[PDB]
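Sequential numbering of the sequence shown, starting at 13, is according to PDB author numbering. Even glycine gets a Cβ: it sits at the ideal position worked out from N, Cα and C. Heads up, the thing below is written out as structure tokens.
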Amino acid sequence: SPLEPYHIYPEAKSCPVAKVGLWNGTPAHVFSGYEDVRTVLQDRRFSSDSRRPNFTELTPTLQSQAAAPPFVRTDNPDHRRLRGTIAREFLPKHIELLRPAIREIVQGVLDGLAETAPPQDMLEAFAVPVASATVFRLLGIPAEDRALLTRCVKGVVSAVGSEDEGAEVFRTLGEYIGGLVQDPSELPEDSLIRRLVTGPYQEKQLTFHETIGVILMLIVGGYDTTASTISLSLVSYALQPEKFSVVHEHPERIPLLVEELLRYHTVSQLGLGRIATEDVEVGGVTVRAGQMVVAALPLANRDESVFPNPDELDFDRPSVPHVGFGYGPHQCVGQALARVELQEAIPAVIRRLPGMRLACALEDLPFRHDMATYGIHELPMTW
Ligand code: HEM
Ligand SMILES: CN1C(=O)[C@](O)(Cc2ccccc2)N(C)C(=O)[C@@H]1Cc1c[nH]c2cccc([N+](=O)[O-])c12
């Protein structure tokens with residue numbers, strides 16, 4: 013069943029706190045309860061510092077960066093400092109100002125397809141163009157460089173690439189970003205990368221390589237999950253288009269509809285790894301100092317004690333906040349941007365192409381079982 017997340021940590025079907033083996037055999041406790049997952053993610057005893065002995069990334073590719081990771085794998089003081097360099101960019105009030113530009117990106121992509129015959133791969137023809145243009149323009153990345161970055165991101169997010177293969181993709185990506193930090197003069201004045209490089213970095217608030225790290229995370233984080241969420245949401249539309257009547261009849265409920273999609277399609281499918289810094293009791297288990305845990309976001313998001321009939325996509329749910337963007341100090345810095353993109357893209361394409369249906373059988377879609385984040389590798393649609 014590809015629209016349910018239960019195949020990832022099958023041990024969790026039996027225990028809300030399940031002992032499992034990670035990619036390299038390292039033991040971990042997987043927490044699948046909503047309240048437990050929030051507890052873990054907000055507790056200072058569960059570290060994100062990949063420099064700690066035994067810290068295990070959930071893929072080998074990411075393991076390659078554990079000795080010098082970007083800020084997602086730090087605790088304070090570095091975490092606060094490094095996130096602080098770009099935090100202001102991502103405040104909802106600032107991101108809201110980009111809504112008109114985002115709406116025009118969406119419109120332009122749809123206009124581009126207006127005379128194109130189906131079937132179309134809506135990942136490559138819609139979701140990726142929207143999401144990648146949105147972030148790459150925010151960042152200031154030259155149009156000519158975007159294909160390379162796209163290839164690098166795929167490598168970074170692979171759950172099948174080896175640790176050595178991962179090290180190589182990160183080198184390529186890091187060398188590219190480094191060139192921009194050294195010489196940002198061709199980048200637009202109104203760009204996040206130029207502001208970072210001529211602001212905090214010029215003011216010596218973080219190093220050259222830390223600057224690379226911050227930019228790297230925004231490229232890796234900045235469109236792939238958004239594009240995948242758009243795509244999965246279009247699978248949901250194709251299967252049950254009547255549920256999306258909200259888009260037409262009650263447009264004020266679109267933000268809520270987007271939240272339910274983020275709950276249902278928790279694309280951070282492996283959950284979030286943490287390491288205990290001391291012995292900690294949570295959810296009736298004692299996690300020992302130096303041992304790994306996983307906060308299983310997709311499962312927390314289908315905890316029936318919080319979300320009744322959790323396997324149903326239901327846009328009339330009582331509103332409870334999901335944990336699709338994580339929780340606590342690392343909670344997705346990009347979440348406001350993702351939300352604006354989803355709110356603008358999904359309704360627009362449904363309005364333009366309300367007859368959208370899968371062009372192939374659901375079982376023939378290539379789901380992203382081989383990536384750190386879920387979605388589909390291609391989404392053939394007809395109308
Ligand atoms: C639907 C879209 C997205 C999902 C589901 C998503 C999910 C996540 C999650 C679960 C985390 C927390 C990781 C942890 O605690 O270890 C995170 C962190 C992050 N997200 Fe996102 N994200 C999305 C969109 C974006 C976008 C659009 C950007 C940037 C433009 C971005 C940038 C980041 C960054 C930099 C972090 C690191 C934050 C930190 O460690 O303090 N994300 N995201
Ligand atoms: C790949 N990825 C993910 O897609 C993500 O699902 C979402 C995300 C993306 C970017 C930033 C934050 C969150 N989550 C939850 C992740 O933890 C890792 C990030 C990561 C983890 N360890 C890393 C080491 C080096 C570089 C990166 N990187 O982001 O470039 C990482």
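Taking the Cβ of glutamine 343 as the reference point, every heavy atom of ligand 2 lies at 8 Å or farther away.
For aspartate 376, the secondary structure class from DSSP, reduced to helix, strand or coil, is helix.
The three-state secondary structure of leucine 199, taken from DSSP, is coil. Around the beta carbon of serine 257, fewer than 16 other beta carbons sit within 10 angstroms, so the residue counts as exposed. For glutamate 353, the shortest C-beta to heavy atom distance toward ligand 1 is below 8 Å. The shortest C-alpha to C-alpha distance from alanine 350 to any of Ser62, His334, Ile388 and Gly233 is the one to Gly233. Beta-bridge annotation (DSSP): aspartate 133 is paired with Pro392. Bounds of the alpha helix (DSSP H) holding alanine 357 are 347 to 364. With a contact defined as Cβ atoms closer than 8 Å, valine 172 and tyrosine 235 miss out at about 21 Å. Membership of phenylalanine 220 in any beta strand (DSSP E) is not indicated; the residue belongs instead to the alpha helix (DSSP H) covering 220 to 234. Across the set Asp176, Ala99, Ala301 and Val305, the C-alpha of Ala301 shows the shortest separation from the C-alpha of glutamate 290. In this structure, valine 49 keeps its C-beta atom at 9 Å or more from the C-beta atom of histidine 41. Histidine 41 sits in a strand when the DSSP states are folded into three classes.
One alpha carbon belongs to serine 240, the other to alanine 384, and they sit about 12 Å apart. Cβ-Cβ separation between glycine 338 and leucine 284: approximately 6 Å, consistent with a contact (criterion under 8 Å). Secondary structure of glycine 33 (DSSP, three-state): strand. Spanning the alpha carbons of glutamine 77 and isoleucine 231 requires a straight line of approximately 16 Å. The residues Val279 and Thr385, in chain order, have a CB closer than 6 Å to that of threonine 237 in the same chain once the five nearest residues on each side in sequence are set aside. Secondary structure note for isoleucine 287: its beta strand (DSSP E) is the uninterrupted segment 284 to 288. With a threshold of 8 Å, the Cβ atom of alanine 384 counts as near ligand 2, since some heavy atom of the ligand is closer than that.
As the crow flies, the alpha-carbon of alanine 250 is around 6 Å from that of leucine 370.
The beta carbons of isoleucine 358 and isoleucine 205 sit no closer together than 9 Å. Take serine 203, set aside five residues on each side of it, and the residues of its chain with a beta-carbon closer than 7 Å to its own are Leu151 and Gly152, in chain order.
Cβ-Cβ distances below 7 Å link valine 32 to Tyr21, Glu23, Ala40 and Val42 in the same chain, with the five nearest sequence neighbours on each side left out; the list follows chain order.
When DSSP states are grouped into helix, strand and coil, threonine 184 belongs to the helix group. Residue pairing of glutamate 293 in beta bridges, as defined by DSSP: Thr298.
When the alpha-carbon of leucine 15 is set against those of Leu282, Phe379 and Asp87, the nearest one is in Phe379.
For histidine 91, same chain residues with a beta-carbon under 8 Å away, outside a window of 5 residues either side, are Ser60, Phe83, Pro341 and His342 in chain order.
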